Structure formats: structure tokens, C-alpha cells
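Dumped run.pdb below, it's PDB, N, CA and C atoms:
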```
ATOM      1  N   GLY A   1     -10.630   6.773   6.785
ATOM      2  CA  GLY A   1     -10.459   6.091   5.470
ATOM      3  C   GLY A   1     -11.025   4.673   5.552
ATOM      4  N   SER A   2     -12.224   4.474   5.073
ATOM      5  CA  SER A   2     -12.832   3.114   5.124
ATOM      6  C   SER A   2     -13.550   2.804   3.807
ATOM      7  N   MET A   3     -14.646   2.096   3.868
ATOM      8  CA  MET A   3     -15.387   1.760   2.618
ATOM      9  C   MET A   3     -16.848   2.214   2.727
ATOM     10  N   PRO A   4     -17.182   3.216   1.957
ATOM     11  CA  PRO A   4     -18.565   3.756   1.961
ATOM     12  C   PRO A   4     -19.518   2.790   1.251
ATOM     13  N   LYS A   5     -19.109   2.257   0.133
ATOM     14  CA  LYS A   5     -19.988   1.310  -0.613
ATOM     15  C   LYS A   5     -19.226   0.705  -1.795
ATOM     16  N   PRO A   6     -19.517  -0.536  -2.072
ATOM     17  CA  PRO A   6     -18.851  -1.244  -3.192
ATOM     18  C   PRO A   6     -19.376  -0.736  -4.539
ATOM     19  N   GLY A   7     -20.417  -1.339  -5.047
ATOM     20  CA  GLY A   7     -20.974  -0.892  -6.357
ATOM     21  C   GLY A   7     -20.827  -2.019  -7.381
ATOM     22  N   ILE A   8     -20.643  -1.681  -8.628
ATOM     23  CA  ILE A   8     -20.489  -2.739  -9.667
ATOM     24  C   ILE A   8     -19.465  -3.776  -9.202
ATOM     25  N   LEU A   9     -19.669  -5.020  -9.534
ATOM     26  CA  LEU A   9     -18.704  -6.070  -9.102
ATOM     27  C   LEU A   9     -18.125  -6.794 -10.321
ATOM     28  N   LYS A  10     -16.925  -6.458 -10.705
ATOM     29  CA  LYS A  10     -16.305  -7.131 -11.882
ATOM     30  C   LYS A  10     -14.869  -7.552 -11.553
ATOM     31  N   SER A  11     -14.683  -8.772 -11.129
ATOM     32  CA  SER A  11     -13.310  -9.244 -10.790
ATOM     33  C   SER A  11     -12.630  -9.829 -12.031
ATOM     34  N   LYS A  12     -11.581  -9.207 -12.494
ATOM     35  CA  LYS A  12     -10.878  -9.729 -13.701
ATOM     36  C   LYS A  12      -9.367  -9.764 -13.462
ATOM     37  N   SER A  13      -8.733 -10.862 -13.771
ATOM     38  CA  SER A  13      -7.260 -10.957 -13.564
ATOM     39  C   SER A  13      -6.521 -10.378 -14.773
ATOM     40  N   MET A  14      -5.288  -9.987 -14.598
ATOM     41  CA  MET A  14      -4.524  -9.410 -15.742
ATOM     42  C   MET A  14      -3.046  -9.263 -15.380
ATOM     43  N   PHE A  15      -2.327  -8.489 -16.141
ATOM     44  CA  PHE A  15      -0.875  -8.293 -15.859
ATOM     45  C   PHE A  15      -0.635  -6.884 -15.304
ATOM     46  N   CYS A  16       0.299  -6.745 -14.403
ATOM     47  CA  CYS A  16       0.577  -5.401 -13.815
ATOM     48  C   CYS A  16       2.085  -5.194 -13.652
ATOM     49  N   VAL A  17       2.518  -3.967 -13.553
ATOM     50  CA  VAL A  17       3.979  -3.705 -13.390
ATOM     51  C   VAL A  17       4.240  -3.019 -12.045
ATOM     52  N   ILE A  18       5.138  -3.550 -11.262
ATOM     53  CA  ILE A  18       5.435  -2.925  -9.939
ATOM     54  C   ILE A  18       6.698  -2.060 -10.035
ATOM     55  N   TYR A  19       6.543  -0.765  -9.986
ATOM     56  CA  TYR A  19       7.729   0.136 -10.075
ATOM     57  C   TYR A  19       8.281   0.429  -8.679
ATOM     58  N   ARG A  20       9.509   0.859  -8.593
ATOM     59  CA  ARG A  20      10.087   1.174  -7.257
ATOM     60  C   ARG A  20      10.555   2.632  -7.217
ATOM     61  N   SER A  21      10.376   3.287  -6.106
ATOM     62  CA  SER A  21      10.800   4.713  -6.003
ATOM     63  C   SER A  21      12.326   4.818  -6.045
ATOM     64  N   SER A  22      12.844   5.626  -6.930
ATOM     65  CA  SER A  22      14.323   5.777  -7.033
ATOM     66  C   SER A  22      14.947   5.924  -5.643
ATOM     67  N   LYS A  23      14.324   6.670  -4.773
ATOM     68  CA  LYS A  23      14.895   6.845  -3.405
ATOM     69  C   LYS A  23      13.781   7.023  -2.371
ATOM     70  N   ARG A  24      13.378   5.957  -1.736
ATOM     71  CA  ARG A  24      12.305   6.059  -0.707
ATOM     72  C   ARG A  24      12.345   4.831   0.206
ATOM     73  N   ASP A  25      11.555   4.821   1.243
ATOM     74  CA  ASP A  25      11.552   3.647   2.161
ATOM     75  C   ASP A  25      11.155   2.387   1.391
ATOM     76  N   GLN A  26       9.900   2.263   1.063
ATOM     77  CA  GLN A  26       9.436   1.066   0.307
ATOM     78  C   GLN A  26       8.206   1.430  -0.528
ATOM     79  N   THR A  27       8.313   2.449  -1.337
ATOM     80  CA  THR A  27       7.152   2.866  -2.175
ATOM     81  C   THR A  27       7.205   2.184  -3.544
ATOM     82  N   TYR A  28       6.081   1.740  -4.039
ATOM     83  CA  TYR A  28       6.066   1.068  -5.371
ATOM     84  C   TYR A  28       4.813   1.466  -6.156
ATOM     85  N   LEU A  29       4.944   1.658  -7.440
ATOM     86  CA  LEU A  29       3.760   2.037  -8.263
ATOM     87  C   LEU A  29       3.241   0.810  -9.017
ATOM     88  N   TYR A  30       1.984   0.798  -9.366
ATOM     89  CA  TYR A  30       1.429  -0.378 -10.096
ATOM     90  C   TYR A  30       0.654   0.072 -11.336
ATOM     91  N   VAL A  31       0.826  -0.618 -12.430
ATOM     92  CA  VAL A  31       0.101  -0.238 -13.680
ATOM     93  C   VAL A  31      -0.208  -1.481 -14.511
ATOM     94  N   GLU A  32      -1.197  -1.403 -15.356
ATOM     95  CA  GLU A  32      -1.545  -2.578 -16.200
ATOM     96  C   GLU A  32      -0.395  -2.884 -17.161
ATOM     97  N   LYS A  33       0.490  -1.944 -17.359
ATOM     98  CA  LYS A  33       1.640  -2.179 -18.278
ATOM     99  C   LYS A  33       2.749  -1.159 -18.006
ATOM    100  N   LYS A  34       3.909  -1.373 -18.559
ATOM    101  CA  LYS A  34       5.033  -0.416 -18.336
ATOM    102  C   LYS A  34       4.945   0.740 -19.336
ATOM    103  N   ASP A  35       3.878   1.491 -19.309
ATOM    104  CA  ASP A  35       3.753   2.620 -20.277
ATOM    105  C   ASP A  35       4.081   3.959 -19.607
ATOM    106  N   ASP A  36       3.210   4.453 -18.772
ATOM    107  CA  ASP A  36       3.484   5.756 -18.102
ATOM    108  C   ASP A  36       2.504   5.992 -16.952
ATOM    109  N   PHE A  37       2.731   7.024 -16.191
ATOM    110  CA  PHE A  37       1.820   7.345 -15.058
ATOM    111  C   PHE A  37       1.267   8.759 -15.243
ATOM    112  N   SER A  38       0.058   8.874 -15.719
ATOM    113  CA  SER A  38      -0.534  10.225 -15.938
ATOM    114  C   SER A  38      -1.679  10.481 -14.957
ATOM    115  N   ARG A  39      -2.110   9.475 -14.247
ATOM    116  CA  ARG A  39      -3.231   9.677 -13.285
ATOM    117  C   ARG A  39      -2.687  10.047 -11.905
ATOM    118  N   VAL A  40      -1.451   9.732 -11.641
ATOM    119  CA  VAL A  40      -0.869  10.073 -10.317
ATOM    120  C   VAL A  40      -0.797  11.594 -10.161
ATOM    121  N   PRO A  41      -1.203  12.056  -9.013
ATOM    122  CA  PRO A  41      -1.187  13.511  -8.726
ATOM    123  C   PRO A  41       0.252  14.013  -8.579
ATOM    124  N   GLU A  42       0.565  15.127  -9.185
ATOM    125  CA  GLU A  42       1.951  15.669  -9.087
ATOM    126  C   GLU A  42       2.318  15.945  -7.627
ATOM    127  N   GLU A  43       1.353  15.949  -6.748
ATOM    128  CA  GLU A  43       1.660  16.211  -5.313
ATOM    129  C   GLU A  43       2.290  14.968  -4.679
ATOM    130  N   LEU A  44       1.827  13.807  -5.052
ATOM    131  CA  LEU A  44       2.393  12.554  -4.481
ATOM    132  C   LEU A  44       3.604  12.107  -5.302
ATOM    133  N   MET A  45       3.475  12.081  -6.601
ATOM    134  CA  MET A  45       4.621  11.658  -7.452
ATOM    135  C   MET A  45       5.887  12.402  -7.026
ATOM    136  N   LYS A  46       5.736  13.563  -6.448
ATOM    137  CA  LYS A  46       6.933  14.332  -6.005
ATOM    138  C   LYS A  46       7.853  13.427  -5.185
ATOM    139  N   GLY A  47       7.285  12.559  -4.392
ATOM    140  CA  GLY A  47       8.124  11.641  -3.573
ATOM    141  C   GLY A  47       8.696  10.547  -4.474
ATOM    142  N   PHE A  48       7.900  10.032  -5.373
ATOM    143  CA  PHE A  48       8.398   8.968  -6.289
ATOM    144  C   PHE A  48       9.430   9.554  -7.256
ATOM    145  N   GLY A  49       9.043  10.532  -8.029
ATOM    146  CA  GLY A  49       9.998  11.147  -8.991
ATOM    147  C   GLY A  49      10.138  10.245 -10.217
ATOM    148  N   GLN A  50      11.252   9.583 -10.351
ATOM    149  CA  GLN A  50      11.448   8.682 -11.523
ATOM    150  C   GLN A  50      11.311   7.221 -11.089
ATOM    151  N   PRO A  51      10.202   6.634 -11.446
ATOM    152  CA  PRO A  51       9.942   5.218 -11.092
ATOM    153  C   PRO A  51      10.832   4.288 -11.918
ATOM    154  N   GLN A  52      11.029   3.082 -11.459
ATOM    155  CA  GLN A  52      11.889   2.128 -12.218
ATOM    156  C   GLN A  52      11.243   0.742 -12.240
ATOM    157  N   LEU A  53      11.698  -0.121 -13.104
ATOM    158  CA  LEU A  53      11.108  -1.488 -13.173
ATOM    159  C   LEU A  53      11.884  -2.443 -12.263
ATOM    160  N   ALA A  54      11.380  -2.696 -11.085
ATOM    161  CA  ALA A  54      12.092  -3.616 -10.153
ATOM    162  C   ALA A  54      11.377  -4.968 -10.089
ATOM    163  N   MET A  55      10.099  -4.990 -10.355
ATOM    164  CA  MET A  55       9.351  -6.280 -10.307
ATOM    165  C   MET A  55       8.157  -6.238 -11.262
ATOM    166  N   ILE A  56       7.986  -7.257 -12.060
ATOM    167  CA  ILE A  56       6.840  -7.274 -13.013
ATOM    168  C   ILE A  56       5.806  -8.318 -12.581
ATOM    169  N   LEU A  57       4.560  -7.939 -12.523
ATOM    170  CA  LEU A  57       3.502  -8.905 -12.111
ATOM    171  C   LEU A  57       2.907  -9.589 -13.349
ATOM    172  N   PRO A  58       3.031 -10.891 -13.385
ATOM    173  CA  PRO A  58       2.508 -11.677 -14.531
ATOM    174  C   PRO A  58       0.978 -11.708 -14.521
ATOM    175  N   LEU A  59       0.390 -12.202 -15.575
ATOM    176  CA  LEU A  59      -1.101 -12.271 -15.643
ATOM    177  C   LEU A  59      -1.560 -13.727 -15.726
ATOM    178  N   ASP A  60      -1.205 -14.527 -14.764
ATOM    179  CA  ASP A  60      -1.623 -15.957 -14.796
ATOM    180  C   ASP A  60      -2.643 -16.238 -13.690
ATOM    181  N   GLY A  61      -2.871 -15.289 -12.823
ATOM    182  CA  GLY A  61      -3.856 -15.505 -11.725
ATOM    183  C   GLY A  61      -3.114 -15.659 -10.398
ATOM    184  N   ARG A  62      -1.938 -16.222 -10.427
ATOM    185  CA  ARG A  62      -1.165 -16.399  -9.165
ATOM    186  C   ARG A  62      -0.225 -15.210  -8.955
ATOM    187  N   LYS A  63      -0.740 -14.117  -8.465
ATOM    188  CA  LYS A  63       0.122 -12.920  -8.238
ATOM    189  C   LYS A  63      -0.075 -12.392  -6.815
ATOM    190  N   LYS A  64       0.819 -12.719  -5.923
ATOM    191  CA  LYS A  64       0.684 -12.233  -4.521
ATOM    192  C   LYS A  64       1.927 -11.440  -4.114
ATOM    193  N   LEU A  65       1.741 -10.263  -3.584
ATOM    194  CA  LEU A  65       2.911  -9.437  -3.168
ATOM    195  C   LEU A  65       2.857  -9.157  -1.665
ATOM    196  N   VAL A  66       3.962  -8.779  -1.083
ATOM    197  CA  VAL A  66       3.975  -8.489   0.379
ATOM    198  C   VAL A  66       3.940  -6.978   0.619
ATOM    199  N   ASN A  67       4.187  -6.201  -0.399
ATOM    200  CA  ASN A  67       4.167  -4.721  -0.228
ATOM    201  C   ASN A  67       2.735  -4.195  -0.358
ATOM    202  N   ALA A  68       2.114  -4.409  -1.486
ATOM    203  CA  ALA A  68       0.718  -3.921  -1.673
ATOM    204  C   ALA A  68      -0.204  -5.083  -2.041
ATOM    205  N   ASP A  69      -1.475  -4.945  -1.781
ATOM    206  CA  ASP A  69      -2.423  -6.041  -2.117
ATOM    207  C   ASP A  69      -2.824  -5.952  -3.589
ATOM    208  N   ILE A  70      -2.377  -6.881  -4.385
ATOM    209  CA  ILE A  70      -2.722  -6.857  -5.833
ATOM    210  C   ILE A  70      -4.233  -6.660  -6.022
ATOM    211  N   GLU A  71      -5.026  -7.154  -5.112
ATOM    212  CA  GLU A  71      -6.505  -6.998  -5.248
ATOM    213  C   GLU A  71      -6.910  -5.530  -5.080
ATOM    214  N   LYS A  72      -6.287  -4.822  -4.177
ATOM    215  CA  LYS A  72      -6.645  -3.386  -3.986
ATOM    216  C   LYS A  72      -6.209  -2.576  -5.208
ATOM    217  N   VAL A  73      -5.358  -3.137  -6.024
ATOM    218  CA  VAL A  73      -4.888  -2.406  -7.236
ATOM    219  C   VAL A  73      -5.801  -2.712  -8.428
ATOM    220  N   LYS A  74      -6.440  -3.849  -8.420
ATOM    221  CA  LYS A  74      -7.343  -4.208  -9.552
ATOM    222  C   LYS A  74      -8.298  -3.053  -9.861
ATOM    223  N   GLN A  75      -9.004  -2.579  -8.872
ATOM    224  CA  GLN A  75      -9.962  -1.461  -9.103
ATOM    225  C   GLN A  75      -9.214  -0.156  -9.392
ATOM    226  N   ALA A  76      -7.918  -0.152  -9.241
ATOM    227  CA  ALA A  76      -7.147   1.097  -9.512
ATOM    228  C   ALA A  76      -6.723   1.154 -10.983
ATOM    229  N   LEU A  77      -6.317   0.047 -11.543
ATOM    230  CA  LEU A  77      -5.889   0.053 -12.972
ATOM    231  C   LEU A  77      -7.108  -0.031 -13.894
ATOM    232  N   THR A  78      -8.198  -0.560 -13.410
ATOM    233  CA  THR A  78      -9.416  -0.664 -14.266
ATOM    234  C   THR A  78     -10.152   0.677 -14.296
ATOM    235  N   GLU A  79     -10.083   1.425 -13.228
ATOM    236  CA  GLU A  79     -10.774   2.744 -13.195
ATOM    237  C   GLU A  79      -9.796   3.859 -13.577
ATOM    238  N   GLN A  80      -8.657   3.908 -12.939
ATOM    239  CA  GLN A  80      -7.658   4.966 -13.272
ATOM    240  C   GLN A  80      -6.599   4.394 -14.213
ATOM    241  N   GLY A  81      -5.908   3.377 -13.777
ATOM    242  CA  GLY A  81      -4.857   2.762 -14.633
ATOM    243  C   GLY A  81      -3.523   2.762 -13.884
ATOM    244  N   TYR A  82      -3.512   3.232 -12.665
ATOM    245  CA  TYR A  82      -2.237   3.254 -11.888
ATOM    246  C   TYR A  82      -2.535   3.160 -10.390
ATOM    247  N   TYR A  83      -1.650   2.570  -9.638
ATOM    248  CA  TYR A  83      -1.880   2.448  -8.170
ATOM    249  C   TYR A  83      -0.546   2.531  -7.423
ATOM    250  N   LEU A  84      -0.436   3.432  -6.486
ATOM    251  CA  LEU A  84       0.839   3.561  -5.722
ATOM    252  C   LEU A  84       0.698   2.905  -4.348
ATOM    253  N   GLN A  85       1.605   2.033  -4.005
ATOM    254  CA  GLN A  85       1.520   1.359  -2.682
ATOM    255  C   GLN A  85       2.508   1.993  -1.695
ATOM    256  N   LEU A  86       2.054   2.320  -0.518
ATOM    257  CA  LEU A  86       2.963   2.933   0.490
ATOM    258  C   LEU A  86       2.804   2.219   1.835
ATOM    259  N   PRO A  87       3.858   1.574   2.262
ATOM    260  CA  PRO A  87       3.830   0.841   3.553
ATOM    261  C   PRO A  87       3.749   1.829   4.721
ATOM    262  N   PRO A  88       2.645   1.779   5.417
ATOM    263  CA  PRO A  88       2.430   2.685   6.571
ATOM    264  C   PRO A  88       3.286   2.248   7.762
ATOM    265  N   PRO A  89       3.337   3.099   8.750
ATOM    266  CA  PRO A  89       4.128   2.806   9.968
ATOM    267  C   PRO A  89       3.405   1.771  10.832
ATOM    268  N   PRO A  90       4.139   0.771  11.242
ATOM    269  CA  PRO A  90       3.555  -0.299  12.084
ATOM    270  C   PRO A  90       3.300   0.224  13.503
ATOM    271  N   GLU A  91       4.206  -0.010  14.418
ATOM    272  CA  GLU A  91       4.008   0.478  15.816
ATOM    273  C   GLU A  91       5.016  -0.186  16.757
ATOM    274  N   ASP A  92       5.438   0.508  17.778
ATOM    275  CA  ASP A  92       6.413  -0.091  18.734
ATOM    276  C   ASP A  92       5.672  -0.662  19.947
ATOM    277  N   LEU A  93       4.384  -0.449  20.017
ATOM    278  CA  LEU A  93       3.599  -0.978  21.169
ATOM    279  C   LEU A  93       4.220  -0.527  22.492
ATOM    280  N   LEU A  94       3.585  -0.835  23.590
ATOM    281  CA  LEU A  94       4.138  -0.424  24.912
ATOM    282  C   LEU A  94       3.291  -1.008  26.049
ATOM    283  N   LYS A  95       3.440  -0.491  27.238
ATOM    284  CA  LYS A  95       2.651  -1.017  28.387
ATOM    285  C   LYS A  95       1.751   0.082  28.962
ATOM    286  N   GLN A  96       0.749   0.490  28.230
ATOM    287  CA  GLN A  96      -0.153   1.563  28.744
ATOM    288  C   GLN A  96      -1.608   1.319  28.316
ATOM    289  N   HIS A  97      -1.823   0.671  27.202
ATOM    290  CA  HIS A  97      -3.223   0.423  26.750
ATOM    291  C   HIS A  97      -3.968  -0.446  27.766
ATOM    292  N   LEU A  98      -5.273  -0.386  27.764
ATOM    293  CA  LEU A  98      -6.063  -1.205  28.728
ATOM    294  C   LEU A  98      -5.621  -0.907  30.164
ATOM    295  N   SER A  99      -5.849  -1.824  31.063
ATOM    296  CA  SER A  99      -5.444  -1.596  32.480
ATOM    297  C   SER A  99      -5.409  -2.926  33.237
ATOM    298  N   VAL A 100      -4.251  -3.504  33.385
ATOM    299  CA  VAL A 100      -4.155  -4.802  34.109
ATOM    300  C   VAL A 100      -3.317  -4.643  35.379
ATOM    301  N   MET A 101      -3.945  -4.305  36.473
ATOM    302  CA  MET A 101      -3.190  -4.135  37.747
ATOM    303  C   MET A 101      -1.900  -3.350  37.495
ATOM    304  N   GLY A 102      -2.003  -2.059  37.329
ATOM    305  CA  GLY A 102      -0.784  -1.237  37.081
ATOM    306  C   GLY A 102      -0.505  -0.360  38.302
ATOM    307  N   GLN A 103      -0.971  -0.765  39.450
ATOM    308  CA  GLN A 103      -0.735   0.042  40.681
ATOM    309  C   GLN A 103      -0.199  -0.854  41.800
ATOM    310  N   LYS A 104      -0.039  -0.320  42.980
ATOM    311  CA  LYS A 104       0.478  -1.146  44.107
ATOM    312  C   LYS A 104      -0.634  -1.409  45.126
ATOM    313  N   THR A 105      -0.396  -2.284  46.064
ATOM    314  CA  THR A 105      -1.440  -2.584  47.085
ATOM    315  C   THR A 105      -0.923  -2.235  48.483
ATOM    316  N   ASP A 106      -1.781  -1.751  49.339
ATOM    317  CA  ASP A 106      -1.338  -1.390  50.715
ATOM    318  C   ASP A 106      -0.319  -0.249  50.658
ATOM    319  N   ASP A 107      -0.448   0.718  51.526
ATOM    320  CA  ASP A 107       0.514   1.857  51.518
ATOM    321  C   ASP A 107       0.673   2.429  52.929
ATOM    322  N   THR A 108       1.344   3.542  53.053
ATOM    323  CA  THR A 108       1.534   4.153  54.399
ATOM    324  C   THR A 108       0.503   5.264  54.626
ATOM    325  N   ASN A 109      -0.650   4.926  55.138
ATOM    326  CA  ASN A 109      -1.691   5.966  55.378
ATOM    327  C   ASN A 109      -1.079   7.178  56.086
ATOM    328  N   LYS A 110      -0.983   8.288  55.407
ATOM    329  CA  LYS A 110      -0.396   9.503  56.042
ATOM    330  C   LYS A 110      -1.470  10.252  56.836
TER     331      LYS A 110
END
```

What is this structure when it is put down as C-alpha cells?
Amino acid sequence: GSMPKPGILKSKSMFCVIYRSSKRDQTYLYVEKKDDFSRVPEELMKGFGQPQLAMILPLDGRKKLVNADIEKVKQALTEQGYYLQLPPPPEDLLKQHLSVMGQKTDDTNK
């Protein structure tokens, strides 16, 4: 999942609505207004179900969120009209990547 090509370039600010999943980890839907979601696939909405109004994004230009990137939604409401944000799994990290002296020195030659 990356970027094959940009294309037309039209950056325009506006107002958006951030909905919250009735019961989920941290899923939120985005739309140019609180009207409805008809572009979302019934396969994904199955997890959302009945969205609710938990946060409204104003249209003054200063709109920054920590869940989804308002900029990644701009091309979603202008082309489709809706954008669902889903926080992916971070990671617990560990001690195995790369290789920094992970063995011992000198041993008992058998």
C-alpha cells in the first residue's frame, strides 16, 4: 500500500465531521458534513455499524487530529465524500533485529 502517482493537485480547506464507532478500539469516520455514509463498503461498515457525532471538524484551516490525518481525508471527501480512519497496530519491539554482538566469546573446544 503506497503511492503510485498523484495527479491533479487541488488543495482546498473545508469543514468535516469525525464520527466514532459505537463499539470499537479507535475507529472514526470523516465526511464533509453530518449527512450520511453511502460510499463506505458494507464489508467495512460492518465493524462501524451505527456511527455517532463525537467530534466535529471546523472549516477555518486550523484542523489537526491525532487519530487520522485530516489531509489524507481531503482527497476522500472531494472524490468520494467519506473517509474512515483506523489506527493500526504499533509494535512491542524486541531484541532480535539487526545484529550487535549477540553471542559469547571463547568457549570449551570439545

**Request:** List the neighbours of segment 12-16 of chain A out to 5 Å using all atoms listed in the file; skip same-chain residues closer than 2 positions along the sequence, and give me the result as a list in words.
**Result:** residues 10, 18, 31, 32, 33, 56, 57, 58 and 59 of chain A

Expected file contents, prior selection, N, CA and C atoms, as a tab-separated table (two decimals), in the coordinates of the input:
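That gives us out.tsv:
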```tsv
chain	number	residue	atom	x	y	z
A	10	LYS	N	-16.92	-6.46	-10.70
A	10	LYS	CA	-16.30	-7.13	-11.88
A	10	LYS	C	-14.87	-7.55	-11.55
A	18	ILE	N	5.14	-3.55	-11.26
A	18	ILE	CA	5.44	-2.92	-9.94
A	18	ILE	C	6.70	-2.06	-10.04
A	31	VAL	N	0.83	-0.62	-12.43
A	31	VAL	CA	0.10	-0.24	-13.68
A	31	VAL	C	-0.21	-1.48	-14.51
A	32	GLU	N	-1.20	-1.40	-15.36
A	32	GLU	CA	-1.54	-2.58	-16.20
A	32	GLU	C	-0.40	-2.88	-17.16
A	33	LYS	N	0.49	-1.94	-17.36
A	33	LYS	CA	1.64	-2.18	-18.28
A	33	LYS	C	2.75	-1.16	-18.01
A	56	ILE	N	7.99	-7.26	-12.06
A	56	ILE	CA	6.84	-7.27	-13.01
A	56	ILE	C	5.81	-8.32	-12.58
A	57	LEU	N	4.56	-7.94	-12.52
A	57	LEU	CA	3.50	-8.90	-12.11
A	57	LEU	C	2.91	-9.59	-13.35
A	58	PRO	N	3.03	-10.89	-13.38
A	58	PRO	CA	2.51	-11.68	-14.53
A	58	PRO	C	0.98	-11.71	-14.52
A	59	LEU	N	0.39	-12.20	-15.58
A	59	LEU	CA	-1.10	-12.27	-15.64
A	59	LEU	C	-1.56	-13.73	-15.73
```

How would you write, as a CSV table (one decimal) with N, CA and C atoms, in the coordinates of the input, the set of residues in segment 14-108 of chain A that DSSP gives as helix (DSSP H, G or I)?
```
chain,number,residue,atom,x,y,z
A,42,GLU,N,0.6,15.1,-9.2
A,42,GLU,CA,2.0,15.7,-9.1
A,42,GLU,C,2.3,15.9,-7.6
A,43,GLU,N,1.4,15.9,-6.7
A,43,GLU,CA,1.7,16.2,-5.3
A,43,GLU,C,2.3,15.0,-4.7
A,44,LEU,N,1.8,13.8,-5.1
A,44,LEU,CA,2.4,12.6,-4.5
A,44,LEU,C,3.6,12.1,-5.3
A,45,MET,N,3.5,12.1,-6.6
A,45,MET,CA,4.6,11.7,-7.5
A,45,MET,C,5.9,12.4,-7.0
A,46,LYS,N,5.7,13.6,-6.4
A,46,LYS,CA,6.9,14.3,-6.0
A,46,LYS,C,7.9,13.4,-5.2
A,47,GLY,N,7.3,12.6,-4.4
A,47,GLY,CA,8.1,11.6,-3.6
A,47,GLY,C,8.7,10.5,-4.5
A,48,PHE,N,7.9,10.0,-5.4
A,48,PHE,CA,8.4,9.0,-6.3
A,48,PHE,C,9.4,9.6,-7.3
A,70,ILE,N,-2.4,-6.9,-4.4
A,70,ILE,CA,-2.7,-6.9,-5.8
A,70,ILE,C,-4.2,-6.7,-6.0
A,71,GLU,N,-5.0,-7.2,-5.1
A,71,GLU,CA,-6.5,-7.0,-5.2
A,71,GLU,C,-6.9,-5.5,-5.1
A,72,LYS,N,-6.3,-4.8,-4.2
A,72,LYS,CA,-6.6,-3.4,-4.0
A,72,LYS,C,-6.2,-2.6,-5.2
A,73,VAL,N,-5.4,-3.1,-6.0
A,73,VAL,CA,-4.9,-2.4,-7.2
A,73,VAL,C,-5.8,-2.7,-8.4
A,74,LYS,N,-6.4,-3.8,-8.4
A,74,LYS,CA,-7.3,-4.2,-9.6
A,74,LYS,C,-8.3,-3.1,-9.9
A,75,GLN,N,-9.0,-2.6,-8.9
A,75,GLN,CA,-10.0,-1.5,-9.1
A,75,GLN,C,-9.2,-0.2,-9.4
A,76,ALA,N,-7.9,-0.2,-9.2
A,76,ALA,CA,-7.1,1.1,-9.5
A,76,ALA,C,-6.7,1.2,-11.0
A,77,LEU,N,-6.3,0.0,-11.5
A,77,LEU,CA,-5.9,0.1,-13.0
A,77,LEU,C,-7.1,0.0,-13.9
A,78,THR,N,-8.2,-0.6,-13.4
A,78,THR,CA,-9.4,-0.7,-14.3
A,78,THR,C,-10.2,0.7,-14.3
A,79,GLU,N,-10.1,1.4,-13.2
A,79,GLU,CA,-10.8,2.7,-13.2
A,79,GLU,C,-9.8,3.9,-13.6
```

**Request:** Return the single residue from A:17, A:77, A:54, A:101 that is closest to residue 29 of chain A, with distances computed using all atoms listed in the file.
**Result:** A:17

**Message:** For a test of reading the model, state the distance in Å between atom N of residue 22 of chain A and atom C of residue 89 of chain A, rounded to one decimal.
**Reply:**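 Interatomic distance, atom N of residue 22 of chain A to atom C of residue 89 of chain A: 20.5 Å.
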
**Prompt:** Any chance you could work out the residue set of the PyMOL selection byres (((chain A and resi 45 and name CA) around 12) and name CA) here, as a list in words?
**Reply:** residues 20, 21, 22, 24, 27, 28, 29, 37, 38, 39, 40, 41, 42, 43, 44, 46, 47, 48, 49, 50, 51, 82, 83, 84, 85 and 86 of chain A

From the DSSP assignment of the backbone, select every residue of segment 21-99 of chain A that is strand (DSSP E or B), and format the answer as a short mmCIF file (atom, residue, chain, number, x, y, z; two decimals) with N, CA and C atoms, in the coordinates of the input.
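states.cif, freshly written:
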```cif
data_model
loop_
_atom_site.label_atom_id
_atom_site.label_comp_id
_atom_site.auth_asym_id
_atom_site.auth_seq_id
_atom_site.Cartn_x
_atom_site.Cartn_y
_atom_site.Cartn_z
N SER A 21 10.38 3.29 -6.11
CA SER A 21 10.80 4.71 -6.00
C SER A 21 12.33 4.82 -6.04
N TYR A 28 6.08 1.74 -4.04
CA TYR A 28 6.07 1.07 -5.37
C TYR A 28 4.81 1.47 -6.16
N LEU A 29 4.94 1.66 -7.44
CA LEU A 29 3.76 2.04 -8.26
C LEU A 29 3.24 0.81 -9.02
N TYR A 30 1.98 0.80 -9.37
CA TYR A 30 1.43 -0.38 -10.10
C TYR A 30 0.65 0.07 -11.34
N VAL A 31 0.83 -0.62 -12.43
CA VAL A 31 0.10 -0.24 -13.68
C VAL A 31 -0.21 -1.48 -14.51
N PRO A 51 10.20 6.63 -11.45
CA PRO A 51 9.94 5.22 -11.09
C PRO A 51 10.83 4.29 -11.92
N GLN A 52 11.03 3.08 -11.46
CA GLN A 52 11.89 2.13 -12.22
C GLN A 52 11.24 0.74 -12.24
N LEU A 53 11.70 -0.12 -13.10
CA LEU A 53 11.11 -1.49 -13.17
C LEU A 53 11.88 -2.44 -12.26
N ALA A 54 11.38 -2.70 -11.08
CA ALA A 54 12.09 -3.62 -10.15
C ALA A 54 11.38 -4.97 -10.09
N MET A 55 10.10 -4.99 -10.36
CA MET A 55 9.35 -6.28 -10.31
C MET A 55 8.16 -6.24 -11.26
N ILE A 56 7.99 -7.26 -12.06
CA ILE A 56 6.84 -7.27 -13.01
C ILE A 56 5.81 -8.32 -12.58
N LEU A 57 4.56 -7.94 -12.52
CA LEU A 57 3.50 -8.90 -12.11
C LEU A 57 2.91 -9.59 -13.35
N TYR A 82 -3.51 3.23 -12.66
CA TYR A 82 -2.24 3.25 -11.89
C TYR A 82 -2.54 3.16 -10.39
N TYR A 83 -1.65 2.57 -9.64
CA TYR A 83 -1.88 2.45 -8.17
C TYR A 83 -0.55 2.53 -7.42
N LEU A 84 -0.44 3.43 -6.49
CA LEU A 84 0.84 3.56 -5.72
C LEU A 84 0.70 2.90 -4.35
N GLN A 85 1.60 2.03 -4.00
CA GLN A 85 1.52 1.36 -2.68
C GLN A 85 2.51 1.99 -1.70
#
```

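Atom CA of residue 65 of chain A is found 19.3 Å from atom C of residue 90 of chain A.
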
**Request:** One decimal, Å: what's the distance from atom CA of residue 67 of chain A over to atom N of residue 92 of chain A, could you say?
**Result:** 18.8 Å
